[PDB]
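> What follows is a single structure, and I will ask about it in a moment.
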Amino acid sequence: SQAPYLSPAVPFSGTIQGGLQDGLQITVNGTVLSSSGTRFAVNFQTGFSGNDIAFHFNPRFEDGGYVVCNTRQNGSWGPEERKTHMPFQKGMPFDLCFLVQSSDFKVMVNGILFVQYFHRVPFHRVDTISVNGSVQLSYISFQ
Ligand SMILES: OC[C@H]1O[C@@H](O[C@H]2[C@H](O)[C@@H](O)[C@@H](O)O[C@@H]2CO)[C@H](O)[C@@H](O)[C@H]1O
C-alpha cells in the first residue's frame, strides 16, 4: 500500500516504509544494460549498510549466465544458491516480482516462478531495498 519509486537512478537504495510484512508483493521493472557491466543485484536488507542483506538476488552474464541468491549477515556471505536458468535478456524490460511468504521468498520473473528462496534471517527486520549494477530501473512498486 506504498506509493512506488518511479524511474529511480540506479545505484539505488530506498525504503520499504514499514519493513517486509508477510503477504507483501514487490515489483522491480527494469532493463539490463549492454554496458561492460556483466552483473546487477536486487538486495532486500537491513538499512543502507548492505552489510546484512536478508536476500541478495544477483543475476550474472558470465560463465554462460546464472543467478546467485545469498544472504549477508554482519558483512559475511552464507552459502550461495544458484540457478543456471537466466530469465533476462539484455535490452528487454523484465517484470520481476518478489512475493513475501512465511517460509520463503517466491521470485516470479514475468509471472513464472523463477526461484523460491527460504528466509535464513527474519524478514520483518528488512526496511530497505537497494539495486545496483548494469540495470536501469523503470520502477519499484509495493503490493
Ligand atoms: O555470493 C554472493 C556474492 O558473491 C561474491 O563473489 C563470490 C562468488 O560468487 C563465489 O563464486 C565464490 O567464489 O566466492 C566469492 C566471494 O566473494 C560477489 O562478488 C558478491 O557481489 C556477491 O554477489
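Ligands are numbered from 1 in the order shown, residues from 1 within each chain, and chains are lettered A, B, ... in the order they appear in the C-alpha cells.
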At a cut-off of 9 Å and counting only C-alpha atoms and all ligand atoms, what residues surround ligand 1? Please answer as an MDAnalysis selection string.

chainID A and resid 39:41 56:60 68:72 77:81

> Could you save the residues just selected, with N, CA and C atoms, as a PDB file, in the first residue's frame?


ATOM      1  N   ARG A  39      26.841  -7.821 -14.404  1.00  0.00           N
ATOM      2  CA  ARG A  39      26.026  -8.204 -13.242  1.00  0.00           C
ATOM      3  C   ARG A  39      25.091  -7.066 -12.783  1.00  0.00           C
ATOM      4  N   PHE A  40      23.958  -7.428 -12.195  1.00  0.00           N
ATOM      5  CA  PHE A  40      23.226  -6.487 -11.327  1.00  0.00           C
ATOM      6  C   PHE A  40      22.687  -7.236 -10.126  1.00  0.00           C
ATOM      7  N   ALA A  41      22.287  -6.546  -9.074  1.00  0.00           N
ATOM      8  CA  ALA A  41      21.716  -7.244  -7.940  1.00  0.00           C
ATOM      9  C   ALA A  41      20.579  -6.465  -7.351  1.00  0.00           C
ATOM     10  N   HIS A  56      19.830 -11.493  -1.289  1.00  0.00           N
ATOM     11  CA  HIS A  56      20.608 -10.863  -2.331  1.00  0.00           C
ATOM     12  C   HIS A  56      20.338 -11.754  -3.496  1.00  0.00           C
ATOM     13  N   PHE A  57      19.834 -11.180  -4.594  1.00  0.00           N
ATOM     14  CA  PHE A  57      19.420 -11.854  -5.806  1.00  0.00           C
ATOM     15  C   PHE A  57      20.308 -11.259  -6.842  1.00  0.00           C
ATOM     16  N   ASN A  58      21.276 -11.997  -7.367  1.00  0.00           N
ATOM     17  CA  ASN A  58      22.321 -11.410  -8.216  1.00  0.00           C
ATOM     18  C   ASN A  58      22.515 -12.063  -9.581  1.00  0.00           C
ATOM     19  N   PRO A  59      21.755 -11.676 -10.616  1.00  0.00           N
ATOM     20  CA  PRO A  59      21.965 -12.217 -11.939  1.00  0.00           C
ATOM     21  C   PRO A  59      23.301 -11.865 -12.520  1.00  0.00           C
ATOM     22  N   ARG A  60      23.973 -12.799 -13.185  1.00  0.00           N
ATOM     23  CA  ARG A  60      25.275 -12.593 -13.764  1.00  0.00           C
ATOM     24  C   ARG A  60      25.307 -13.133 -15.182  1.00  0.00           C
ATOM     25  N   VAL A  68      22.776 -15.900  -8.821  1.00  0.00           N
ATOM     26  CA  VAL A  68      23.178 -16.349  -7.475  1.00  0.00           C
ATOM     27  C   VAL A  68      22.310 -15.696  -6.402  1.00  0.00           C
ATOM     28  N   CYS A  69      21.692 -16.490  -5.533  1.00  0.00           N
ATOM     29  CA  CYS A  69      20.962 -15.944  -4.385  1.00  0.00           C
ATOM     30  C   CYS A  69      21.801 -16.243  -3.148  1.00  0.00           C
ATOM     31  N   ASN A  70      21.772 -15.370  -2.134  1.00  0.00           N
ATOM     32  CA  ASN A  70      22.596 -15.493  -0.913  1.00  0.00           C
ATOM     33  C   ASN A  70      22.038 -14.583   0.153  1.00  0.00           C
ATOM     34  N   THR A  71      22.661 -14.563   1.321  1.00  0.00           N
ATOM     35  CA  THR A  71      22.165 -13.818   2.476  1.00  0.00           C
ATOM     36  C   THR A  71      23.359 -13.302   3.231  1.00  0.00           C
ATOM     37  N   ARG A  72      23.374 -12.003   3.512  1.00  0.00           N
ATOM     38  CA  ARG A  72      24.503 -11.440   4.212  1.00  0.00           C
ATOM     39  C   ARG A  72      24.118 -11.076   5.618  1.00  0.00           C
ATOM     40  N   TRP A  77      29.118 -13.526   3.820  1.00  0.00           N
ATOM     41  CA  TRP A  77      28.234 -14.249   2.932  1.00  0.00           C
ATOM     42  C   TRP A  77      28.023 -15.718   3.343  1.00  0.00           C
ATOM     43  N   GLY A  78      26.771 -16.093   3.626  1.00  0.00           N
ATOM     44  CA  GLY A  78      26.366 -17.508   3.720  1.00  0.00           C
ATOM     45  C   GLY A  78      26.562 -18.288   2.416  1.00  0.00           C
ATOM     46  N   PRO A  79      26.117 -19.560   2.365  1.00  0.00           N
ATOM     47  CA  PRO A  79      26.320 -20.344   1.155  1.00  0.00           C
ATOM     48  C   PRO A  79      25.351 -19.903   0.050  1.00  0.00           C
ATOM     49  N   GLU A  80      25.853 -19.702  -1.169  1.00  0.00           N
ATOM     50  CA  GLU A  80      25.002 -19.300  -2.297  1.00  0.00           C
ATOM     51  C   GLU A  80      23.989 -20.396  -2.634  1.00  0.00           C
ATOM     52  N   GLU A  81      22.934 -20.010  -3.344  1.00  0.00           N
ATOM     53  CA  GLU A  81      22.131 -20.910  -4.131  1.00  0.00           C
ATOM     54  C   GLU A  81      22.264 -20.357  -5.537  1.00  0.00           C
TER      55      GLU A  81
END

> Near stretch 134-136 of chain A, counting only C-alpha atoms, which residues have an atom at most 7 Å away, once you skip same-chain residues fewer than 4 positions from it, shown as a short mmCIF file (atom, residue, chain, number, x, y, z; two decimals) with C-alpha atoms, in the first residue's frame?


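Result written to out34.cif:
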data_model
loop_
_atom_site.label_atom_id
_atom_site.label_comp_id
_atom_site.auth_asym_id
_atom_site.auth_seq_id
_atom_site.Cartn_x
_atom_site.Cartn_y
_atom_site.Cartn_z
CA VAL A 10 20.49 3.07 -10.47
CA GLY A 30 13.91 -2.54 -15.30
CA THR A 31 16.07 -3.37 -18.25
CA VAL A 32 19.53 -4.87 -18.39
CA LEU A 33 22.22 -2.74 -19.93
CA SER A 35 27.42 -1.75 -20.89
CA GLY A 37 28.94 -4.37 -16.60
CA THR A 38 28.00 -8.05 -16.54
CA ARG A 39 26.03 -8.20 -13.24
CA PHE A 40 23.23 -6.49 -11.33
#

> List every residue of stretch 36-143 of chain A that DSSP, applied to the backbone of this structure, places in strand (DSSP E), and write the result as a ChimeraX atom specification.

/A:40-45,53-60,66-70,72-73,76-77,81-83,93-100,104-109,113-118,128-133,135-142

> For residue A:53, which of A:121, A:113, A:100, A:26 is the closest residue, counting only C-alpha atoms?

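So, comparing all the options, the nearest one is A:121.
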
> Tell me which of A:55, A:27, A:3, A:142 sits closest to residue A:119, counting only C-alpha atoms.

A:55

> Nearest to residue A:76: which of A:34, A:5, A:133, A:50 is it, counting only C-alpha atoms?

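With only C-alpha atoms as the atom set, the closest residue is A:50.
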
> Which polymer residues have any atom within 12 Å of an atom of residue A:111, counting only C-alpha atoms, with same-chain residues fewer than 3 positions away left out, as a list in words?

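Contacts, with the query itself left out: residues 27, 87, 94, 95, 96, 97, 98, 99, 106, 107, 108, 114 and 115 of chain A.
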
> Between atom CA of residue A:22 and atom CA of residue A:103, what is the distance, to one decimal in Å?

9.7 Å

> Pick the closest to residue A:138 from A:93, A:18, A:73, A:101: which is it, counting only C-alpha atoms?

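Looking at the shortest contact to residue A:138, the residue is A:93.
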